[PDB]
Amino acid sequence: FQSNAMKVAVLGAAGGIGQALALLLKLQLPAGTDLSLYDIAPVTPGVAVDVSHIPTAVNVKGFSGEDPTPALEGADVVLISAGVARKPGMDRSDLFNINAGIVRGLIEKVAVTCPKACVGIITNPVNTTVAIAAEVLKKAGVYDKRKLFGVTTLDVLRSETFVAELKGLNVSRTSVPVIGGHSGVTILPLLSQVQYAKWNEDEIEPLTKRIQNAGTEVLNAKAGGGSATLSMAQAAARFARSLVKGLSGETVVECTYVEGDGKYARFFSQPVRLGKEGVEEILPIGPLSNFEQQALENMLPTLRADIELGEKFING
């Protein structure tokens, strides 16, 4: 069952993101929480042993091989960070090319073993991989709209970080709502809703563009070889932390990609109140500036098409 000692499962724990996430979870999760780390690579048991030497009351266990079932049994939260992250040769293309199958394979296991878990899709491209997860869950007859999330949190860290620097605000207490999708023109930070910031029309377009293209700053600084591994892990840990709090009865609100009312797109990221069933209430986006309003209408076709790509991968 669920809801006694909280149980968190990480599928993709051997990758760059996964290992970093495992570390943060060991240090951040509540005492008593069970942490199951899974990946195909035989190194995974060793990753868990490595993390288990850190003195926190989080119980960590390792799993490898073809079947993630032992790691998923009784899972409350399932974080999927398997597959590849962007790199030099990889465009929107290569991520979907490799990660579409991986996601499907893992979600099929989740649908059988722990269908009532809150599922956090970190693996990119999120706009599409979430639709893949949904369709797989629907085929198995266990899809719960309240428990499937596209982890868009890295766009929030980035927006908070760049906004605080530019406007001289407290970097750790500056809330910036971000809506839409988790890629390119689909990422829309709502700068007009940020408190204590007076915006010249001049700085709106460049800041938005910097938030949207932030991954490229890393990709170019890393001289190609590497993506945003460390910030992605922190974004995932922060989201996981919010999920666990919602499940534990503590109200938290996070902007995340979920199947909402479909006003703009079947799946869409917006403020969500998290609770005991995962989503408790999908909140409105609130008032938008002319700029933000236009950016929203302009992303719709791209966002819808990203979703249709994931749907068609499962439904043909």
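So that there is no doubt, residue numbering starts at 1 and follows the sequence shown.
Of the two stretches examined, 84 to 92 and 169 to 177, the record assigns the greater average C-alpha temperature factor to 84 to 92. The PDB entry records a higher mean C-alpha B factor for 294 to 302 than for its counterpart among 294 to 302 and 17 to 25. If you compare the C-alpha temperature factors of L219, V151, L79, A237 in the entry, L219 comes out highest. In this PDB entry, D144 carries a Cα temperature factor that places it within the middle third of its chain's modelled residues. In this PDB entry, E201 carries a Cα temperature factor that places it within the highest third of its chain's modelled residues. Compared with the other modelled residues of the chain, the Cα B-factor recorded for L35 ranks in the middle third.
Among the modelled residues of the chain, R241 sits in the middle third by CA temperature factor in this PDB entry.
Per the PDB record, residue ranking by Cα B-factor puts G46 in the middle third of the chain.
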